[PDB]
Amino acid sequence: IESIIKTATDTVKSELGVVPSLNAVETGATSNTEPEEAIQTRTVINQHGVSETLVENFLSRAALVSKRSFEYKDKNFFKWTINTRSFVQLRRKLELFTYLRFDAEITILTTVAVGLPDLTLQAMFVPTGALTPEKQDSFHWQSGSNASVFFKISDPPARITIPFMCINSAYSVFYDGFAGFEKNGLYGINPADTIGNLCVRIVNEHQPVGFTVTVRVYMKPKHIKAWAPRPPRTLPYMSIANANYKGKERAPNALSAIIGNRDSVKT
Amino acid sequence: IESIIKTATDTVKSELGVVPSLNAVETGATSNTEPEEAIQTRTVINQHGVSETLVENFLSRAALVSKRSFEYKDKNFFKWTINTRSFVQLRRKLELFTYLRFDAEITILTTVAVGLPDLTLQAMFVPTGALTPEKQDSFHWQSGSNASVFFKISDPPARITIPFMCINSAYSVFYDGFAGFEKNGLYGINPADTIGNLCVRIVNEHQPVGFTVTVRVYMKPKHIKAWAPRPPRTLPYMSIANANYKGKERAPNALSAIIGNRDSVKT
Amino acid sequence: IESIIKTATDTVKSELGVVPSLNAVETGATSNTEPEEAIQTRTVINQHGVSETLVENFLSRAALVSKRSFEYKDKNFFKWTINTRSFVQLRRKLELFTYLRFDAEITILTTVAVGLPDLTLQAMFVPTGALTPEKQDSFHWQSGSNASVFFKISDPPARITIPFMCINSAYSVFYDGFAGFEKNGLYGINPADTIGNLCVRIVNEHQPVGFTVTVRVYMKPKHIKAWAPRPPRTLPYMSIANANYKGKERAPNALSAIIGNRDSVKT
Amino acid sequence: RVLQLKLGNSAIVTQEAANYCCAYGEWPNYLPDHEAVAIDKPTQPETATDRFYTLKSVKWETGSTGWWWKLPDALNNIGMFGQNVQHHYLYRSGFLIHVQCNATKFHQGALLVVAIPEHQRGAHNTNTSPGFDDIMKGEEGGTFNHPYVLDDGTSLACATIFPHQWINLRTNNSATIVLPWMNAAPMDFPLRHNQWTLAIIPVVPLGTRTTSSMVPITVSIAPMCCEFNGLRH
Amino acid sequence: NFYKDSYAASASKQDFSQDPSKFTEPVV
Amino acid sequence: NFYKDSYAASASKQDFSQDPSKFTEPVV
Amino acid sequence: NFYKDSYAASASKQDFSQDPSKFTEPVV
Amino acid sequence: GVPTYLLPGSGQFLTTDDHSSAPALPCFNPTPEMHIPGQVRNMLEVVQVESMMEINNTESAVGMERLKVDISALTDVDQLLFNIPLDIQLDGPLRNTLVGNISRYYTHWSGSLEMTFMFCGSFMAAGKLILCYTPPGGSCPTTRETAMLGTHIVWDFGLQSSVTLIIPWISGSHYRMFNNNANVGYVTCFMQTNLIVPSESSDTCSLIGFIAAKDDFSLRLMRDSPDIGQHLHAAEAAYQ
Amino acid sequence: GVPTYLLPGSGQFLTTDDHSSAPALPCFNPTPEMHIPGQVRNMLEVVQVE
Amino acid sequence: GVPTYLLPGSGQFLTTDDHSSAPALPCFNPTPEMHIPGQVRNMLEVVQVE
């Protein structure tokens, strides 16, 4: 039964010769034998807030999702199909759930390595269906309908909120199924799950400068509703396109042994 | 009958042996046979918002309307007669309507290509009737009555709202008529439709620097009331001054064939 | 009779064989024969706002009033006695009135021509009676009582409001009279009409740099009450100190002919 | 079922067309007081110009591309409308177009009788704007060079967004469009500007067993609710 | 809008009124 | 106006009062 | 949130509702 | 004064932002709003208008011949006149329509279409057709017996000259993405009878087909249209 | 403090803007408004004169 | 206008901040919330499962 839980629950003190009964575990019910029931307790008014375990507080961290250095004289720009599959520290944290519903909050952080130039950059967000650029000076950068954001380098980082643009009501993180309707379609790729493309270029023309532009993209998923939790992935990933597994050669996180072994069970 | 429509309309479930009647199509009435009437439906509470199809949401995108690089030692400045005819991605989107009533929101974005200089720029808006400059250092730049905006480069881009300055109550996008009252007047050019001139110079004096100043102007039409929609232009444009047409040599968007052909109609 | 007029006035429709009477023009009364009275009219609800013809809207434009480049190693600074006599586009617009009462809103715009330096500037406003500086490093710049404003170059332009500091209740734009009480006094110069002195220097010490500092001052008169309108000056000016006239050699704006001639009056 | 439309002194016997086309859902009216500019009293011929000026019937054969009449360039040189146009400086008028294409029951075809507001034409395969003699044809009107793209690069396939009716020679032989005043300005210049453009385009061409076939299309334009200003001569 | 001119405001994206029956049904 | 001086405010562009009959009719 | 879009707001970290008895007790 | 700190995204020029900006012309009085007929306040008003499909979008159909489908008297019974794939995405008979051109400014589309066919024969010309709406997923039917089983309408000419065929909205997802998709639906049309003209009517009639969108149509995620894009004459005359 | 972000057009000097600016002379008492005859409060008063 | 001064920590990008940011798609209508079974609103629901 749904109820508002702000803090962790209290403990009631317990009460020679109590007589309990049997347990139901084979039915798939986690045992609700309270510590009040089983063992000797005291009254603990538990004021421990549960707020940092909330799914909104569990996933809204501006994690680095894209980092490329492009030289400047994909040459002279970079595009990035917005996925959560990129860095496996965030990927395992979002593969805990089956269906996610989040608004991304992209923060493009631009740094320049080698009298530093104050360049101007354009982070055009191309959704799926709109055409993506192929040069630094293509006519797609000057598109009216795409959501370009023009930011310099010596400023705060450019931050835009990308909404929930799945055509379904949640992102299928795991898609047990095939894309399209032709049988050569790729497994585990939902066509609805595609965010778009975040194309960043340098708006300036060709400058004789020897400076490399490192661009970091920080996605903070927010307004997160998450459904159907899953086992946390224990084996190492093999590709961003699928859930293949190989494991380490030995424990921990191996195929034959996820937990690091000990000598015996009576150790 | 006028009514407030915020979301797309619902569907009512339908009801062996219904007997409809004839249809009125030759009278220029689009068939209001609802899906409730014709085919078997269910009750779909349609919550799909129509708000992104609104004319205000269809045209208020800060589209690039002017982009010139001028060297700095029209030399040393540039002027631009404010038209929507410049880039044909916005032009086709505004040639959907006959009469438009929009307040432009000009955003001048200045970039410098080749120790970058922090120049100061003046984007003086010369309306039609006021004189336009002919040099970088003419006496028209120091005009009191023109709406100059003084912006540097290392700052946010200068943004001004140009109002609706047509002398008529809407912009004739298409003017089936002739300018003036002499019979040599140009076709399709309304003298009321002229916005003005956006003249941008570099306020600084002559600096021995080898830097090229690329200036982008972003017009976002806003407070848009639009009238009398038109067929979307399918053939490629031939000039910004008129609605001439040539078409591609072959389909698609050719004169003899707008739609790309197939083998047969029974394909 | 005084009345609030926000829009231009309406027209009432008129009414075989009306019989008007004579007219009074020699008495210096402009003819109040309404178009309702004389000719056939219709009812025109005139919604044309008159707000841009208001004297506050007619003169509050930040017109360029002072522009000097001073080299930096009056050398190394410049002072400027605040007058409206400087640029004749604003001067003719303020010589429409006899008595003005405006608060100036000075906006000092500093640009540097020839690794640009970020200098610091001081725009000290010396009113009349306080001493004006004679060097860049005089002890008058460090005066406590003068209203110095310290602004850099890479910033927004420094803007201060100078109040209405005439000792009379309005500025005599035209002073039919002589200054002081000695008969060598200059004609048309009111000692009360003097604003002060706007002295701008570079606060920095002597830098071996080859950069010229161009300083623009933008006065926007505001809170304007204006009295006793005048004929607009048609002939070209001859000096800022007086209302002398010479005219062009030929029409237009000549002494013998202000209006450009035609062939005959029956042309 | 047959009907007579009598505006002014001109009358036309018509078929009762169900649902006459009020263009953009509006009926033409005189200029209201809160939308007027020119202060002088507008002349208003209440039956002298508000009458059916039946234009010349154009022959619709099999190979006809279309016809266009720019209003009021069709009517500037005709009658009391043509006297008031050339003796005033402004005008404001709706129109009641009654296109009637009288054919037998053995003729086939379909016309798009469409009334295009502000039909800025284009010329094919040149970057020169159309001249005064290519736009202001007069009573004779103009034949469509390329009716499939409406002679301005747009599409005929989307031309039903305009006020339009169909003359399908099965169902009806007439179409009626009731045009309001369609301009940004409350009055305009009839010798310079042409607000509407009656375009009759045969989408499905004519047909019968004999190859030499012809059906005349009668166009009748009644300028409703005329105003004018600037009376001279 | 902290400006004094009503055209200077942000784009009023709130006009949800329709009247499709001046295009789909322009008839009488 | 967050300044303490009333002359420092923005330009009060609101004085729609007229009296043309001190110029067009300066008579008695 | 001074933007006009409700998805643009800061993260609403206030949903303290739970229902653990759809996971620990998914039974009838 | 007021203690303020700069957020990230400060000084950025987002091209889709909605902020009040500085008016260049202070106390400007614009030209008053005169009631111009036919105001579009929403682009779904433009989409709900019928507009001709180019059903005969084949070769050897020059221009005007692409909008009509010739019903001959030399054609046979149970023959396929046309099939119209319902890809607003792909370059088919729906791309140059009002529903097709305004939706290609968008990415997601959802709603019921509405095909209307109009027979343009003579008054005496009788015969029948059968307009078979195939739902998505199902392939294009080939025989008329295969297609008198779908959602068809057996349409006689000599009685009824225009037929509304409601294309319903059938999708699991709320929306359909436009691509840079097969079997969105098919409207096929078969000769139930032969074309029956007298000896003075033409023996080659025609069909004009329209398509609109119903009142439940919707569109979101605006993009640029593929229908246009690129030399353009006198483009530097706006500067010079 | 107050989280603020800079819009485009920040630091621009529009010559037709209408903003309060910093008074150079604090607690200055201007010369009181004496009723001078013939005040023009609108330039259409000047135009309506023959 | 409003007299503001910049605090320390102005222009920083704290990766755990909670601020409203500029929506890239204005008047975007997201796909409506369909009731999907088994919503986790707190990760202690995941922990309490055997």
# chains A, B, ... in the order shown; residues from 1 in each chain; ligands from 1

call {"tool": "interface_residues", "arguments": {"of": "chain A", "to": "chain B", "cutoff": "12 Å", "atoms": "only C-alpha atoms", "output": "PyMOL selection string"}}
result
chain A and resi 73+115-122+139-156+167+202-209

call {"tool": "closest_atom_pairs", "arguments": {"of": "chain I", "to": "chain J", "cutoff": "8 Å", "atoms": "only C-alpha atoms", "output": "Markdown table"}}
result
| residue | atom | partner | partner_atom | distance |
| --- | --- | --- | --- | --- |
| I:1 | CA | J:7 | CA | 7.3 |
| I:19 | CA | J:1 | CA | 6.7 |
| I:20 | CA | J:1 | CA | 6.1 |
| I:21 | CA | J:1 | CA | 7.4 |

call {"tool": "write_last_selection", "arguments": {"atoms": "N, CA, C and O atoms", "output": "PDB file, in the first residue's frame"}}
result
ATOM      1  N   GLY I   1      23.295  33.496  -2.916  1.00  0.00           N
ATOM      2  CA  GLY I   1      22.494  34.633  -3.310  1.00  0.00           C
ATOM      3  C   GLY I   1      21.479  34.308  -4.378  1.00  0.00           C
ATOM      4  O   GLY I   1      20.942  33.212  -4.402  1.00  0.00           O
ATOM      5  N   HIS I  19      16.499  53.386 -19.179  1.00  0.00           N
ATOM      6  CA  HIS I  19      16.854  52.818 -17.891  1.00  0.00           C
ATOM      7  C   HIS I  19      17.285  53.916 -16.936  1.00  0.00           C
ATOM      8  O   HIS I  19      17.829  54.941 -17.348  1.00  0.00           O
ATOM      9  N   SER I  20      17.041  53.684 -15.655  1.00  0.00           N
ATOM     10  CA  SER I  20      17.533  54.596 -14.640  1.00  0.00           C
ATOM     11  C   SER I  20      19.032  54.432 -14.505  1.00  0.00           C
ATOM     12  O   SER I  20      19.551  53.315 -14.516  1.00  0.00           O
ATOM     13  N   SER I  21      19.733  55.548 -14.387  1.00  0.00           N
ATOM     14  CA  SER I  21      21.180  55.533 -14.299  1.00  0.00           C
ATOM     15  C   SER I  21      21.638  56.262 -13.051  1.00  0.00           C
ATOM     16  O   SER I  21      20.866  56.952 -12.391  1.00  0.00           O
TER      17      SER I  21
END

call {"tool": "interface_residues", "arguments": {"of": "chain F", "to": "chain C", "cutoff": "6 Å", "atoms": "only C-alpha atoms", "output": "PyMOL selection string"}}
result
chain F and resi 8+11+13+16-19+24-25

call {"tool": "write_last_selection", "arguments": {"atoms": "N, CA and C atoms", "output": "mmCIF file, in the first residue's frame"}}
result
data_model
loop_
_atom_site.group_PDB
_atom_site.id
_atom_site.type_symbol
_atom_site.label_atom_id
_atom_site.label_comp_id
_atom_site.auth_asym_id
_atom_site.auth_seq_id
_atom_site.Cartn_x
_atom_site.Cartn_y
_atom_site.Cartn_z
ATOM 1 N N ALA F 8 17.199 60.588 -11.186
ATOM 2 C CA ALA F 8 17.981 59.494 -11.732
ATOM 3 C C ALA F 8 17.133 58.449 -12.420
ATOM 4 N N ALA F 11 13.245 57.738 -18.187
ATOM 5 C CA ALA F 11 12.534 58.881 -18.739
ATOM 6 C C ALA F 11 11.030 58.645 -18.693
ATOM 7 N N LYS F 13 7.929 58.842 -19.927
ATOM 8 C CA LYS F 13 7.365 59.081 -21.255
ATOM 9 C C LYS F 13 5.844 58.954 -21.251
ATOM 10 N N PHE F 16 0.859 62.742 -21.615
ATOM 11 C CA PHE F 16 0.006 62.852 -22.790
ATOM 12 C C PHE F 16 -0.869 64.081 -22.786
ATOM 13 N N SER F 17 -0.693 64.986 -21.830
ATOM 14 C CA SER F 17 -1.484 66.203 -21.806
ATOM 15 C C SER F 17 -1.078 67.107 -22.954
ATOM 16 N N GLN F 18 -2.061 67.764 -23.541
ATOM 17 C CA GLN F 18 -1.813 68.789 -24.533
ATOM 18 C C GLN F 18 -2.565 70.046 -24.153
ATOM 19 N N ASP F 19 -2.160 71.143 -24.779
ATOM 20 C CA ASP F 19 -2.967 72.359 -24.825
ATOM 21 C C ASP F 19 -2.602 73.091 -26.099
ATOM 22 N N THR F 24 -2.431 77.644 -31.353
ATOM 23 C CA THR F 24 -3.331 77.825 -32.477
ATOM 24 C C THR F 24 -4.392 78.869 -32.180
ATOM 25 N N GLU F 25 -4.807 79.003 -30.923
ATOM 26 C CA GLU F 25 -5.764 80.031 -30.511
ATOM 27 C C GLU F 25 -5.224 80.818 -29.321
#

call {"tool": "interface_residues", "arguments": {"of": "chain H", "to": "chain A", "cutoff": "6 Å", "atoms": "only C-alpha atoms", "output": "list in words"}}
result
residues 8, 9, 10, 12, 13, 14, 15, 16, 173, 174, 175, 178, 179, 180, 223 and 224 of chain H

call {"tool": "write_last_selection", "arguments": {"atoms": "N, CA, C and O atoms", "output": "compact mmCIF listing (two decimals), in the first residue's frame"}}
result
# COMPACT_ATOMS: atom_id res chain seq x y z
N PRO H 8 25.67 28.32 -14.74
CA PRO H 8 26.11 27.89 -16.07
C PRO H 8 25.03 28.19 -17.10
O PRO H 8 23.84 28.20 -16.80
N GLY H 9 25.47 28.45 -18.31
CA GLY H 9 24.54 28.90 -19.32
C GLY H 9 24.22 30.36 -19.18
O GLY H 9 23.06 30.76 -19.35
N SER H 10 25.21 31.18 -18.86
CA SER H 10 25.03 32.60 -18.67
C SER H 10 25.82 33.32 -19.74
O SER H 10 27.04 33.21 -19.79
N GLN H 12 24.99 32.62 -22.89
CA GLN H 12 24.76 31.80 -24.05
C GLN H 12 23.65 32.41 -24.89
O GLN H 12 22.78 33.12 -24.38
N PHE H 13 23.72 32.17 -26.18
CA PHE H 13 22.64 32.53 -27.09
C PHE H 13 22.02 31.23 -27.55
O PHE H 13 22.46 30.61 -28.52
N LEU H 14 21.00 30.79 -26.82
CA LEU H 14 20.16 29.70 -27.27
C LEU H 14 19.21 30.24 -28.31
O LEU H 14 18.51 31.22 -28.06
N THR H 15 19.17 29.62 -29.48
CA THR H 15 18.36 30.17 -30.56
C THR H 15 16.88 29.89 -30.38
O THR H 15 16.08 30.39 -31.17
N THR H 16 16.49 29.09 -29.39
CA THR H 16 15.09 28.82 -29.12
C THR H 16 14.67 29.37 -27.77
O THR H 16 13.75 28.82 -27.14
N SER H 173 3.00 3.23 -30.42
CA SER H 173 3.58 4.46 -29.91
C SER H 173 2.61 5.62 -30.06
O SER H 173 1.75 5.62 -30.95
N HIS H 174 2.78 6.63 -29.22
CA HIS H 174 1.98 7.85 -29.32
C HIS H 174 2.26 8.63 -30.59
O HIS H 174 1.43 9.44 -31.01
N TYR H 175 3.42 8.42 -31.22
CA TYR H 175 3.91 9.26 -32.30
C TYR H 175 4.59 8.40 -33.34
O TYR H 175 4.91 7.24 -33.10
N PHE H 178 9.55 10.86 -38.11
CA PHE H 178 10.04 11.02 -39.47
C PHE H 178 11.51 10.64 -39.53
O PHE H 178 12.30 11.08 -38.69
N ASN H 179 11.88 9.84 -40.52
CA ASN H 179 13.26 9.44 -40.70
C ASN H 179 13.99 10.56 -41.45
O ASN H 179 13.42 11.61 -41.77
N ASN H 180 15.27 10.34 -41.72
CA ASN H 180 16.17 11.31 -42.36
C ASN H 180 15.71 11.88 -43.70
O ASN H 180 15.71 13.10 -43.90
N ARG H 223 11.39 20.41 -36.95
CA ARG H 223 12.66 20.29 -37.64
C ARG H 223 12.58 21.08 -38.93
O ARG H 223 11.57 21.70 -39.24
N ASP H 224 13.66 21.06 -39.70
CA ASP H 224 13.67 21.73 -40.99
C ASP H 224 13.15 20.78 -42.06
O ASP H 224 13.34 19.57 -41.98

call {"tool": "interface_residues", "arguments": {"of": "chain G", "to": "chain H", "cutoff": "12 Å", "atoms": "only C-alpha atoms", "output": "list in words"}}
result
residues 2, 3, 4, 5 and 8 of chain G

call {"tool": "write_last_selection", "arguments": {"atoms": "N, CA and C atoms", "output": "short mmCIF file (atom, residue, chain, number, x, y, z; two decimals), in the first residue's frame"}}
result
data_model
loop_
_atom_site.label_atom_id
_atom_site.label_comp_id
_atom_site.auth_asym_id
_atom_site.auth_seq_id
_atom_site.Cartn_x
_atom_site.Cartn_y
_atom_site.Cartn_z
N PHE G 2 12.15 30.54 -14.11
CA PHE G 2 11.64 31.69 -14.84
C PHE G 2 11.45 31.40 -16.31
N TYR G 3 11.53 30.14 -16.70
CA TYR G 3 11.26 29.71 -18.06
C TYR G 3 9.80 29.33 -18.19
N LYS G 4 9.34 29.23 -19.42
CA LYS G 4 7.92 28.99 -19.65
C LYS G 4 7.59 27.52 -19.81
N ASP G 5 8.58 26.64 -19.73
CA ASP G 5 8.39 25.22 -19.94
C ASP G 5 8.60 24.48 -18.63
N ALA G 8 11.71 22.51 -17.80
CA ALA G 8 12.96 23.24 -17.65
C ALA G 8 13.30 23.53 -16.20
#

call {"tool": "atom_distance", "arguments": {"atom1": "CA of residue 236 (chain C)", "atom2": "CA of residue 98 (chain C)"}}
result
18.9 Å

call {"tool": "closest_residue", "arguments": {"among": "I:15, I:31, I:9, I:22", "to": "chain F", "atoms": "only C-alpha atoms"}}
result
I:22

call {"tool": "interface_residues", "arguments": {"of": "chain I", "to": "chain F", "cutoff": "7 Å", "atoms": "only C-alpha atoms", "output": "count of residues only"}}
result
14
